[PDB]
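Here's final.cif, which has mmCIF, C-alpha atoms:
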```
data_structure
#
loop_
_atom_site.label_atom_id
_atom_site.label_comp_id
_atom_site.auth_asym_id
_atom_site.auth_seq_id
_atom_site.Cartn_x
_atom_site.Cartn_y
_atom_site.Cartn_z
CA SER I 73 54.11 -27.00 -2.28
CA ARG I 74 53.06 -24.24 0.10
CA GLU I 75 55.64 -22.71 2.41
CA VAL I 76 53.09 -20.84 4.55
CA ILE I 77 49.67 -22.12 5.67
CA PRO I 78 46.92 -19.80 6.98
CA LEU I 79 45.81 -20.01 10.61
CA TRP I 80 42.18 -20.86 9.75
CA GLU I 81 43.30 -24.31 8.56
CA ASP I 82 44.11 -25.03 12.23
CA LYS I 83 40.79 -23.81 13.58
CA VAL I 84 37.93 -24.42 11.26
CA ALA I 85 36.75 -27.43 9.46
CA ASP I 86 36.28 -25.53 6.22
CA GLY I 87 39.58 -23.67 6.52
CA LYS I 88 41.23 -25.42 3.60
CA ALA I 89 38.38 -24.33 1.31
CA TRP I 90 38.74 -20.78 2.67
CA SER I 91 42.40 -20.90 1.58
CA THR I 92 41.54 -22.24 -1.85
CA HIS I 93 39.04 -19.44 -2.28
CA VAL I 94 41.46 -16.77 -1.07
CA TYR I 95 44.22 -17.85 -3.49
CA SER I 96 41.71 -17.63 -6.37
CA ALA I 97 40.21 -14.35 -5.18
CA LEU I 98 43.67 -12.82 -4.78
CA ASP I 99 44.31 -13.47 -8.50
CA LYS I 100 41.04 -11.81 -9.49
CA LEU I 101 40.43 -9.13 -6.87
CA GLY I 102 43.92 -8.48 -5.55
CA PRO I 103 46.10 -7.90 -8.63
CA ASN I 104 47.21 -4.51 -7.32
CA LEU I 105 47.74 -5.91 -3.83
CA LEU I 106 50.02 -8.55 -5.36
CA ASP I 107 52.07 -5.91 -7.23
CA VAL I 108 52.86 -3.58 -4.32
CA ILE I 109 56.28 -3.57 -2.66
CA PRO I 110 55.21 -2.06 0.66
CA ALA I 111 57.18 0.68 2.39
CA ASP I 112 56.77 -1.05 5.76
CA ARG I 113 58.11 -4.41 4.60
CA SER I 114 61.06 -3.91 6.99
CA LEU I 115 58.49 -4.28 9.80
CA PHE I 116 56.03 -6.83 8.39
CA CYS I 117 58.05 -8.95 6.00
CA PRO I 118 61.71 -8.03 5.55
CA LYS I 119 62.25 -10.25 2.48
CA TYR I 120 58.96 -9.25 0.79
CA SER I 121 60.64 -7.89 -2.35
CA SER I 122 62.15 -11.35 -2.96
CA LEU I 123 58.79 -13.14 -2.86
CA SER I 124 57.33 -14.74 -5.96
CA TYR I 125 53.73 -14.19 -7.00
CA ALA I 126 52.74 -17.53 -5.43
CA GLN I 127 54.61 -16.68 -2.22
CA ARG I 128 52.89 -13.27 -2.02
CA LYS I 129 49.53 -15.06 -2.26
CA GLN I 130 50.57 -17.34 0.61
CA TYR I 131 51.70 -14.31 2.59
CA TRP I 132 48.43 -12.41 2.16
CA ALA I 133 46.31 -15.48 2.95
CA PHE I 134 48.26 -15.83 6.18
CA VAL I 135 47.94 -12.15 7.11
CA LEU I 136 44.21 -12.28 6.35
CA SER I 137 43.90 -15.27 8.67
CA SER I 138 45.65 -13.35 11.47
CA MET I 139 43.23 -10.44 10.93
CA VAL I 140 40.31 -12.88 11.09
CA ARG I 141 41.72 -14.30 14.34
CA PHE I 142 41.48 -10.92 16.07
CA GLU I 143 38.40 -9.51 14.33
CA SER I 144 36.06 -12.47 14.76
CA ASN I 145 38.05 -15.43 16.08
CA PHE I 146 37.02 -17.20 12.85
CA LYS I 147 33.28 -16.84 13.58
CA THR I 148 31.50 -16.17 10.29
CA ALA I 149 28.21 -15.57 12.14
CA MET I 150 29.61 -12.70 14.21
CA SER I 151 27.50 -9.51 14.20
CA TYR I 152 28.65 -6.54 16.27
CA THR I 153 26.95 -3.17 16.55
CA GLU I 154 29.51 -0.35 16.48
CA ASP I 155 29.42 3.04 18.23
CA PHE I 156 29.51 4.96 14.95
CA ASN I 157 26.74 5.45 12.38
CA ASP I 158 26.09 4.74 8.71
CA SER I 159 24.73 7.29 6.24
CA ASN I 160 21.22 6.97 7.71
CA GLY I 161 22.40 7.71 11.25
CA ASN I 162 21.83 4.10 12.29
CA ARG I 163 24.47 2.18 14.22
CA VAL I 164 26.84 0.29 11.90
CA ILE I 165 26.68 -3.49 12.19
CA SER I 166 30.00 -5.21 11.52
CA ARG I 167 29.69 -8.73 10.18
CA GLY I 168 31.53 -11.95 9.59
CA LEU I 169 35.16 -12.97 9.51
CA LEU I 170 36.71 -9.56 8.90
CA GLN I 171 33.94 -7.52 10.56
CA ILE I 172 32.92 -5.68 7.41
CA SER I 173 29.68 -3.70 7.20
CA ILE I 174 27.36 -3.70 4.23
CA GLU I 175 27.35 0.02 3.30
CA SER I 176 31.12 0.46 3.60
CA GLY I 177 31.81 -2.91 1.97
CA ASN I 178 29.58 -2.22 -1.02
CA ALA I 179 31.45 1.05 -1.66
CA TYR I 180 34.44 -1.16 -2.60
CA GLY I 181 32.33 -3.06 -5.12
CA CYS I 182 31.80 -6.14 -2.94
CA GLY I 183 28.18 -6.45 -4.11
CA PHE I 184 26.55 -7.76 -0.95
CA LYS I 185 22.86 -8.09 -1.86
CA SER I 186 21.71 -9.00 1.66
CA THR I 187 23.19 -8.59 5.13
CA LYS I 188 23.30 -12.41 5.12
CA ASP I 189 25.90 -12.31 2.34
CA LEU I 190 28.45 -10.84 4.75
CA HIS I 191 28.12 -14.03 6.83
CA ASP I 192 29.23 -16.05 3.81
CA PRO I 193 32.94 -16.38 4.72
CA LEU I 194 34.00 -16.51 1.07
CA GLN I 195 32.19 -13.26 0.18
CA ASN I 196 33.53 -11.71 3.37
CA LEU I 197 37.13 -12.67 2.54
CA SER I 198 36.71 -11.47 -1.07
CA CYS I 199 35.59 -8.10 0.21
CA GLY I 200 38.59 -7.93 2.54
CA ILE I 201 40.83 -8.52 -0.48
CA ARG I 202 39.11 -5.67 -2.35
CA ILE I 203 39.67 -3.33 0.61
CA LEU I 204 43.38 -4.26 0.86
CA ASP I 205 43.75 -4.08 -2.92
CA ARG I 206 42.55 -0.49 -2.80
CA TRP I 207 44.46 0.90 0.17
CA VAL I 208 47.70 -1.07 0.24
CA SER I 209 48.21 -0.25 -3.46
CA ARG I 210 47.14 3.40 -3.11
CA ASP I 211 49.23 4.05 -0.02
CA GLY I 212 52.17 1.76 -0.88
CA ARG I 213 52.26 0.18 2.57
CA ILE I 214 50.46 -2.37 4.72
CA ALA I 215 49.64 -0.23 7.77
CA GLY I 216 50.92 2.62 9.94
CA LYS I 217 49.87 6.15 10.78
CA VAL I 218 51.95 8.35 8.54
CA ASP I 219 51.96 12.13 8.82
CA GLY I 220 48.60 12.14 10.57
CA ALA I 221 46.80 9.55 8.45
CA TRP I 222 46.21 5.81 8.83
CA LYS I 223 47.44 3.91 5.77
CA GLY I 224 46.90 0.62 3.98
CA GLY I 225 44.76 -1.91 5.79
CA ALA I 226 44.94 0.26 8.91
CA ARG I 227 42.49 2.60 7.14
CA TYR I 228 39.79 -0.03 7.67
CA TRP I 229 40.78 -2.43 10.45
CA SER I 230 41.58 -1.59 14.08
CA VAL I 231 43.68 -4.74 14.46
CA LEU I 232 46.18 -3.33 11.93
CA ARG I 233 46.51 -0.02 13.80
CA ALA I 234 49.74 0.16 15.81
CA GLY I 235 49.32 0.17 19.56
CA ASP I 236 50.25 -1.69 22.71
CA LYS I 237 47.66 -4.41 22.19
CA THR I 238 47.65 -8.14 21.59
CA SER I 239 46.06 -8.08 18.15
CA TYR I 240 48.45 -5.70 16.42
CA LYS I 241 51.52 -7.06 18.20
CA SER I 242 50.60 -10.63 17.28
CA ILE I 243 49.81 -9.85 13.65
CA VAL I 244 53.16 -8.08 13.20
CA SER I 245 55.13 -10.75 15.06
CA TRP I 246 53.57 -13.68 13.22
CA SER I 247 54.01 -11.95 9.87
CA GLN I 248 57.66 -10.98 10.29
CA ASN I 249 58.59 -14.48 11.53
CA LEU I 250 57.15 -16.31 8.53
CA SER I 251 60.02 -18.27 7.01
CA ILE I 252 59.50 -16.63 3.62
CA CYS I 253 59.77 -13.19 5.27
CA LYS I 254 62.67 -13.71 7.64
#
```

Starting from the file, give its structure as structure tokens.
Amino acid sequence: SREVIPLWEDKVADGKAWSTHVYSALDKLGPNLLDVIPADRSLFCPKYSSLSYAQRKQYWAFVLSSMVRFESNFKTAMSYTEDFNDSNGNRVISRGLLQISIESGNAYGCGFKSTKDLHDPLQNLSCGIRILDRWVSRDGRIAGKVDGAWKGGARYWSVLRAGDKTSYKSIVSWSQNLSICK
């Protein structure tokens, strides 16, 4: 039985299916994510190195749900025009649960064929897993600005970037107080 349940099961009707999808997608798209022992575990999840494979999947589903909370408040339809440009000089449009954009997302191999695909919560969450799989495993840590460079998921998502703000503070607090982490 699960020890940790993601926050979207509290908020959205389809949240249990989102979890089912994320556990599957972590197996397939997050194998490197699930092998990292992150250097900032003392902040995010003090007992991380003791977690089983299944527990690490529960952990990452929960953290993803806390990112979704502050990126989109669980609104898969969300579409937000940013103040920075894509490769054509057009304003980037961030989409869906994790506020991913189509050009940047597809660079990770997410294979969005239409902008509408980013509003499919399952495709959106899969892409988030690909992004984490790349940076958390490359950088060996979940977040943080280290020696002048943002690391891990903080490379992509503002809510993972340390600052005196509700999103980051909540994500860290909720993570480190998970029973499996504490």

Among the residues I:91, I:245, I:160, I:114, the one that comes closest to residue 136 of chain I [using all atoms listed in the file]: I:91

Atomic separation - atom CA of residue 203 of chain I relative to atom CA of residue 181 of chain I, Å: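 Taking atom CA of residue 181 of chain I and atom CA of residue 203 of chain I, their separation equals 9.3 Å.
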
Residue with smallest distance to residue 124 of chain I - pool I:243, I:139, I:76, I:106, counting only C-alpha atoms: I:106

Residues in the PyMOL selection byres ((chain I and resi 242) around 12), expressed as a ChimeraX atom specification: /I:116,135,137-139,141-142,231-241,243-249

Matched chain/residue IDs from the PyMOL selection byres ((chain I and resi 147) around 10), as an NGL selection string: :I and (84 or 140-141 or 143-146 or 148-151 or 167-171 or 191 or 193)

Pairwise distance for atom CA of residue 154 of chain I and atom CA of residue 98 of chain I, rounded to one decimal in Å: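 Separation of atom CA of residue 154 of chain I and atom CA of residue 98 of chain I: 28.4 Å.
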
Distance criterion (all atoms listed in the file): nearest to residue 176 of chain I out of I:118, I:110, I:224, I:200: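 Among I:118, I:110, I:224, I:200, it is I:200 that comes nearest to residue 176 of chain I.
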
Among listed residues I:119, I:209, I:197, I:133, nearest residue 78 of chain I (using only C-alpha atoms):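 The answer is I:133, which sits nearest to residue 78 of chain I.
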